[PDB]
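Data first, discussion second: the structure below is written as structure tokens.
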Amino acid sequence: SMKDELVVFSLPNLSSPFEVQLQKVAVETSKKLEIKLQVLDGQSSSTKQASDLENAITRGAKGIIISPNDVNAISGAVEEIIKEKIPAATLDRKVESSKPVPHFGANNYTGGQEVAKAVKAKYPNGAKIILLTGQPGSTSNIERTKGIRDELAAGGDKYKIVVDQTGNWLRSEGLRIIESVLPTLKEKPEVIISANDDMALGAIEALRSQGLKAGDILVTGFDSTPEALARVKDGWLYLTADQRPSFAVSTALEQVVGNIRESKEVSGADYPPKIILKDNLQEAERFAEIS
Ligand SMILES: OC[C@H]1O[C@@H](O)[C@H](O)[C@@H](O)[C@@H]1O
Ligand SMILES: O[C@H]1[C@H](O)[C@@H](O)[C@H](O)[C@@H](O)[C@H]1O
């Protein structure tokens with residue numbers, strides 16, 4: 001006898017392709033569960049997102065799912081939500097806290113390890129690596145890159161990170177950094193490990209403009225977007241990883257709405273991302289989108 005409850009989904013931006021997909025799944029899911037949904041867009045600003053989260057309370061949200069712009073800057077706003085006793089969870093990103101709300105999404109640390117293991121297996125006697133990292137204060141970056149670094153370190157000094165730069169998750173930055181640094185290295189690196197697809201796709205454009213062919217420098221990504229899957233299929237990109245946004249979003253909304261409607265526990269969801277190479281593209285959530 002219950003429908004049209006207001007749920008807010010606070011995203012840090014709607015400019016990056018992963019965030020755009022999270023919004024898509026959320027709107028679809030909202031219709032299936034017969035809830036009202038507002039997807040708030042932080043515009044890559046912590047100040048805006050904090051304000052968005054204040055508005056979520058004023059607007060009478062019955063549940064709030066938050067993907068924080070920043071590990072620390074959003075914490076006060078999340079604390080206000082908790083004090084108001086509004087059912088809440090994080091998704092994708094997190095905030096640093098001693099009593100976190102439930103979280104929905106892939107284990108980024110494990111994902112980072114898994115990407116590193118695949119690189120090491122491709123270069124078992126070592127490699128020179130360019131590492132492109134995400135928005136520094138995003139927990140998705142922090143955890144994923146820690147996994148990558150720790151697992152490369154466990155492989156030993158034969159894995160050498162010769163460039164280590166943030167691209168803030170942006171395609172344009174992957175392009176700029178790779179076009180800028182490749183000419184300055186006395187030896188061609190073996191691998192470019194990108195913390196996401198967007199920067200890896202920009203790296204690929206850079207390599208293409210430098211006159212290189214697919215596979216001359218290995219490139220890894222993360223997010224399993226259709227464009228990235230197309231580049232895995234044609235060999236420009238060695239791997240991506242599926243952190244299963246349809247599962248994360250649908251499960252987060254189902255559990256939050258279940259708490260609203262029936263007082264069911266919000267348990268969260270933790271799982272490893274699935275590494276996607278050329279031989280297993282059909283395991284990606286969005287395989288049907290590859291023309
Ligand atoms: O007021 C109509 C609303 O009904 C809800 O059950 C739907 O989930 C919304 O998508 C819609 O806007
Ligand atoms: O904002 C970022 C960005 O969209 C990355 O591409 C994605 O891998 C991260 O999970 C997300 O937090």
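These numbers come from the heavy atoms of this one structure, side chains and all, not from hydrogens, waters or symmetry mates. Counting starts at 1 for both ligands and their atoms, following the listed order. Heads up: numbering here begins at 1 and tracks the sequence.
The closest protein non-hydrogen atom to atom 10 (O) of ligand 2 is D92 OD1, 2.8 Å. Looking at atom 5 (C) of ligand 1, its nearest protein heavy atom turns out to be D4 OD1, 2.8 Å. Annotation: atom 10 (O) of ligand 1 to nearest protein heavy atom, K31 CG, 4.0 Å. In terms of protein heavy-atom proximity, atom 8 (O) of ligand 1 is closest to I35 O, 3.0 Å. The protein heavy atom nearest to atom 1 (O) of ligand 1 is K36 CE, 4.1 Å. Closest to atom 6 (O) of ligand 2, if we only count protein heavy atoms, is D223 OD2, 2.6 Å.
In this structure, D198 has no heavy atom closer than 4.0 Å to ligand 2.
The heavy-atom pair separating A248 from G105 by the smallest distance is CB-CA, 4.3 Å. Across all their heavy atoms, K188 and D216 have their closest contact at NZ-O, 2.8 Å. The two atoms that bring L14 and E19 nearest to each other are CD2-O, 3.5 Å, heavy atoms only. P87 and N259 make their closest contact through CG-OD1, 3.3 Å (heavy atoms, listed as atom of the first residue, atom of the second, distance). For the residue pair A195 and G134, the shortest heavy atom distance occurs at CB-N, 4.0 Å.
Counting only heavy atoms, the protein never gets under 4.0 Å from atom 12 (O) of ligand 1.
Using a 4.0 Å cut-off to heavy atoms of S30, the atoms of ligand 1 that qualify are 8 (O). For ligand 1, the atoms lying closer than 4.0 Å to a non-hydrogen atom of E34 are 6 (O), 8 (O).
Judged by distance alone, the side chains of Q135 and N69 do bring a donor and an acceptor atom under 3.5 Å apart. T225 and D197 form a side-chain donor-acceptor contact under 3.5 Å, judged by distance and modelled atom types alone.
The proximity of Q135 to ligand 2, defined as any non-hydrogen pair under 4.0 Å, does not occur for either the backbone or the side chain.
Looking at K62 and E5, no side-chain N of the basic residue comes within less than 4.0 Å of a carboxylate O on the acidic one, giving no salt bridge.
The residue from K94, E143, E19, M199 that puts a heavy atom closest to atom 3 (C) of ligand 2 is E19. By heavy-atom distance, the residue among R171, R93, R144 lying nearest atom 9 (C) of ligand 2 is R144.
No more than 12 heavy-atom neighbours from other residues, nucleotides or ligands sit within 6.0 angstrom of CG on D279.
By the 3.5 Å distance cut-off applied to N or O atoms, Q243 is counted among the residues near ligand 2.
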